[PDB]
Amino acid sequence: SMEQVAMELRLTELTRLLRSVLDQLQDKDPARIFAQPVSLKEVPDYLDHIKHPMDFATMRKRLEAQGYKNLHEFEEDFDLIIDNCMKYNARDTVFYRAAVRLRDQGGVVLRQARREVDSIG
């Protein structure tokens, strides 16, 4: 159907906008603390602590399969990255502080992305 195609064009466009959001968020992580999944070889207890791990590479795989239906889903995954880090690591650690900084800086990007998603539809 033509409707299914128009819907798919919208998903495709959302994916385009989310890809750019993703790149801007990841630039706020020049240390690359959040680039890849936490290694279960290097933190073998991790899954006892964190039930839903997340990282920028895993978000990117989902993105490129057009697996984000709306901005809310994409923000849920970004929030996991931050929130998982702030629970597993103590307040005095470079990791925790990096998550705080990513959260604060990412907020600005996300604020405008919500306006653009509403605006373009």
Side-chain angles (χ1 to χ4, degrees), residues 1-2 4-6 8 11-15 17-40 42-60 62-68 70-110 112-119 121:
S1 92
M2 195 53 237
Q4 292 303 319
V5 170
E8 291 160 357
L11 180 53
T12 292
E13 282 310 297
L14 174 71
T15 304
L17 184 159
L18 295 182
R19 191 181 295 116
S20 168
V21 177
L22 188 59
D23 294 333
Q24 285 172 72
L25 291 176
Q26 192 151 27
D27 293 328
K28 310 316 174 139
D29 177 32
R32 300 195 66 89
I33 292 166
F34 306 108
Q36 296 295 327
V38 169
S39 176
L40 303 178
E42 302 165 7
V43 188
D45 75 351
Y46 190 63
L47 302 180
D48 296 335
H49 293 271
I50 298 299
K51 299 304 178 196
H52 298 103
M54 198 38 62
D55 71 84
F56 285 129
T58 305
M59 289 192 63
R60 203 180 291 281
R62 181 162 168 195
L63 184 56
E64 294 310 333
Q66 305 192 333
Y68 298 112
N70 61 47
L71 184 56
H72 177 79
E73 296 187 340
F74 175 105
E75 295 171 304
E76 283 186 349
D77 274 353
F78 179 64
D79 289 330
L80 281 176
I81 293 175
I82 296 310
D83 287 339
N84 287 350
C85 188
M86 295 175 77
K87 288 169 192 77
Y88 190 85
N89 304 102
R91 192 158 48 255
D92 70 327
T93 59
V94 64
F95 304 105
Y96 180 113
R97 286 157 181 282
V100 169
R101 286 165 66 80
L102 182 61
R103 193 198 55 186
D104 286 350
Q105 298 200 269
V108 183
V109 173
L110 289 175
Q112 201 52 42
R114 157 60 60 207
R115 299 193 62 86
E116 282 165 331
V117 166
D118 292 1
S119 197

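For this chain, numbers begin at 1 and follow the sequence in order. What you see below is based on every heavy atom in this structure, not just the backbone, and it leaves out hydrogens, waters and symmetry mates.
Rounded to the nearest 0.5 angstrom, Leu17 CG and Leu22 CG are separated by 11.5 Å. Atom CD of residue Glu76 and atom CE of residue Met54 lie 10.5 Å apart, to the nearest 0.5 angstrom. Going from atom OG1 of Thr15 over to atom CD of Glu64 covers 7.5 Å, rounded to the nearest 0.5 Å. Separating the CZ atom in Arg32 from the CD atom in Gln26 is a distance of 5.0 Å, to the nearest 0.5 Å. For the atom pair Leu102 CG and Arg97 CZ, the distance stands at 15.5 Å (nearest 0.5 Å). How far CG of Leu18 is from CE of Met59: 8.0 Å, rounded to the nearest 0.5 Å.
In this structure, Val38 and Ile50 have side chains that are not in contact, with every pair of non-hydrogen atoms separated by 4.5 Å or more. In this structure, the side chains of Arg103 and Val100 come closer than 4.5 Å at one or more pairs of heavy atoms. Between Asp77 and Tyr68, the closest side-chain pair of non-hydrogen atoms falls below 4.5 Å. Side-chain contact between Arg101 and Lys28: absent, with no pair of heavy atoms (C-beta onward) separated by less than 4.5 Å.
Contact detail for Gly106 and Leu25: the closest heavy-atom pair is CA-CD2, 3.4 Å. The two residues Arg114 and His72 make their nearest non-hydrogen contact at NH2-N, 4.2 Å. Residues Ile33 and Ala98 come closest through the heavy atom pair CD1-CB, 3.6 Å.
Evaluation of the side-chain hydrogen bond (donor to acceptor under 3.5 Å, both in side chains) rule for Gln36 yields no partner, not counting sequence neighbours. With sequence neighbours excluded, no residue forms a salt bridge (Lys or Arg N to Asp or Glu O under 4.0 Å) with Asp29. Under the rule for a ring pair (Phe, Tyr, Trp, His ring centres under 6.0 Å), the partners of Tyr88 that lie at least two apart in sequence or sit in another chain are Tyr46, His49.
Checking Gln24 against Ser20 by side-chain atom types alone, a donor-acceptor pair falls below 3.5 Å.
One N or O on the side chain of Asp55 and one on the backbone of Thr58 form a donor-acceptor pair closer than 3.5 Å.
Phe56 and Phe78 have parallel rings, their planes meeting at less than 30° on a 0 to 90° scale where 60° marks the start of perpendicular.
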- [ ] For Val117 and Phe74, run side-chain contact (heavy atoms from CB on, under 4.5 Å): C-alpha distance rounded to whole Å, both residues' side-chain angles, the deciding distance at 0.1 Å, then the answer.
- [x] CA-CA 12 Å; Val117 166; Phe74 175 105; over 6 Å; no
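Heavy atoms from other residues, nucleotides or ligands lying under 6.0 Å from CZ of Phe95 number 12 at most.
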Tabulate below the donor-acceptor pairs under 3.5 Å that side-chain atoms of residues 79-86 make, not counting sequence neighbours, or state none.
| from | atom 1 | to | atom 2 | distance (Å) |
| --- | --- | --- | --- | --- |
| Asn84 | ND2 | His52 | O | 2.8 |
| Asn84 | ND2 | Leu80 | O | 3.2 |

